[PDB]
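What follows is a single chain, given as C-alpha cells, in the form deposited without the partner chain.
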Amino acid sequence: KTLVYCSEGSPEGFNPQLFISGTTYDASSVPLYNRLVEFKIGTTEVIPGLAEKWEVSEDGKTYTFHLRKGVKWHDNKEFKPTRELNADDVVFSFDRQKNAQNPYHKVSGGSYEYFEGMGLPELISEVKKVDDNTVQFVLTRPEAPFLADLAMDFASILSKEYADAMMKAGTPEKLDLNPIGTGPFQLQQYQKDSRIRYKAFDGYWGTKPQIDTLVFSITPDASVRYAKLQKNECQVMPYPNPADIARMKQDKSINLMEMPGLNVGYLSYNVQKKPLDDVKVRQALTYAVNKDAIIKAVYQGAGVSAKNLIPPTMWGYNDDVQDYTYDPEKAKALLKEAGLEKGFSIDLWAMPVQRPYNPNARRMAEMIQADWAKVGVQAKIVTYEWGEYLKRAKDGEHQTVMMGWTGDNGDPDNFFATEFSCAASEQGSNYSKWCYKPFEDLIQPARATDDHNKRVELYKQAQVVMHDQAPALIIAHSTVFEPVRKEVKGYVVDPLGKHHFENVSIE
C-alpha cells in the first residue's frame, strides 16, 4: 500500500511548463499529469497518451490528434470538475506558452523555457480546436521529432475549467501552485523541508497504481539516502555516491539497476584545419588511442565505450557497427599514406567542467597526448574557463576539442542533426565543422518523413557514414545506477532520466 522514495531535493513548483529540472519533473509531470503522447516505459518509443491516435498530412505539416473520451481530472479543496478532458484543455495548454495575448501567459512569470528551447514558438504556426475531442497543429515545416517533443514534461495538459475558476477567484497563481491533472497520482500534502505525499488517483483513465500512498522524503545528501535505504526508511533512491557503488553491488537487500545514460562524450576534429581535412588522418588519430584504458581510468565504472553517437537505449541504434581498434601500427601506415610519415603538431582542448559523459577531461587529455606522441603527433593541451571555452569553440578557434551532448527528447534527430549537420556547422555547435552530403542525404529525409520504419533505416546508415568519415573520436556514454530494495516489483529504469512509480507494487 505504501512506497517511500528518497528524492534528491525539493521541487521548484508543480506546473512543469515553467521548469526544466528532473527533480521538479519527478514531483509534478511524472506523477500528476499526462501528455498527448507518451514514451513507452524503458524506451524512447512514442505511444498514445491523452490522444488515442494521431494523423499526419501528406505534406507533413498538419497534425490531427483524436482525444481519449472519459478522462477524469483530480479535485481539491477549491476545485471539483464538472466535465472530463476535451480540446479546450489541450489548446489552452500550448496557447498559454506561445500567445502573449492569453490571460495566463504572464502568470507566475511566464518562463516557458523548454517550450522555447525546443523551437516551438517558431515551428508551430497554429494550434486549433476542430471539435470538443479533436485538435490540430499546423507547423511551418515537416518535423518528425514533433511527436517526441509532445511527450516531454513541459507538454503536460492543464485544466482549462480549473484555470478559468482560479482566474475568476482572482488567484490565477493557484493553477501553478495547487495542481490539478489527469495523472495516476494526486497531491495530498507538501512541506518543502520534509516531504511530499501522494495517493493513487481512483478516477484514473489508465490502470490504477498498485501503490496506494506514495511519499517523497527530500534528502539532498546521497550518503543519508543510502543509509535510509538500508534501514528500509525508503525503498528507492537516485544518484548514489560514486564511492558507494561497490558496496551496493554486494548488498543482498537491493537490486542495483543499471542503464546507459541519454548522452555522449566526444573529441571533435575541425576538418577545416589541415591536416584534419584528410579522412586518413582522422582515422589515424582514432586508431592510435587506447580507449579501453581511458574508459577504465577516467570513468571507473560510471561509463561505457561508445561506437555510435546515440546510446543503445534509443531506437535506430546500429549494433552492426564494429568500433575502431587500438592499433598504432595501422595509425602509422595511415599517416604515411596521407604523406605525414613524420607526424605533426596539434592542439587538444580539454573540458574545464565535469560531466556524466566525461568526468575527468584533464586525465583523458593526458592519456590521448601520450597515445598520439607514439605515432609522431605532438599535442598541446589547452583549456579556458567554461563560458570562454564555449564561446571560442563555437567560432572554430580550436584544432581538436572535447565536447558532448545530453538528449532532450529521445529522438535520433536531436543528436545527429543538432551536433553534426551542415546547419549546426554554420551555427558553430557542430565542432567538427563537418558538412557532408552523404550524411545530409540521410538526416534531412529522416527528419521530414512520417514512416518510422524508413526513419530507422536512415539513422542506421547515418551511423555507418559517421564511422567511415570519423569527424569525431566517439568516446563513451555514462552509466546510470538506481538502487531499488527487492520488495519493490515492476520498477523499470527510464532512458529519459525520470523516476516512475505508477507501474510498481510492493511486497
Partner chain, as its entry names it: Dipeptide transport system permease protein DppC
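Positions refer to the first chain, counted from 1.
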| item | value |
| --- | --- |
| Between the two ranges 453-461 and 37-45, the one averaging a larger CA B factor in the entry | 37-45 |
| 112-120 versus 69-77 - which carries the larger mean C-alpha B factor in the record | 69-77 |
| C-alpha B-factor winner, where the candidates are 323, 388, 371, 131 | 131 |
| Candidate residues 343, 303, 145, 359, the one whose C-alpha B factor the record puts highest | 343 |
| Residue 447 - Cα temperature factor, lowest/middle/highest third of chain | highest |
| Lowest, middle or highest third - CA B-factor, residue 60 | highest |
| For residue 384, the third of its chain into which the C-alpha B factor falls | middle |
| Third of the chain's Cα B-factor distribution that residue 395 belongs to, per the entry | middle |
| Entry-reported Cα temperature factor of residue 198, expressed as the chain third it lands in | highest |
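The form deposited with the partner chain bound exists for this protein as well; it is not shown, and the discussion that follows is about that form.
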item	value
Answer option from 125, 241, 253, 207, heavy atom within 4.5 Å of the partner chain in the entry with it bound	241
Interface residue in the entry with it bound among 168, 274, 342, 296, criterion: non-hydrogen atom within 4.5 angstroms of the partner chain	296
Candidate stretches 302-310, 366-374, 140-148, 277-285, one within 4.5 Å of the partner chain in the entry with it bound by heavy atom	366-374
Contact of residue 81 with the partner chain in the entry with it bound (heavy atom, 4.5 Å)	no
Residue 257: touches the partner chain in the entry with it bound, heavy atom cutoff 4.5 angstroms	no
Residue 247, heavy atom within 4.5 angstroms of the partner chain in the entry with it bound	yes
Proximity of residue 383 to the partner chain in the entry with it bound, heavy atoms at 4.5 Å	yes
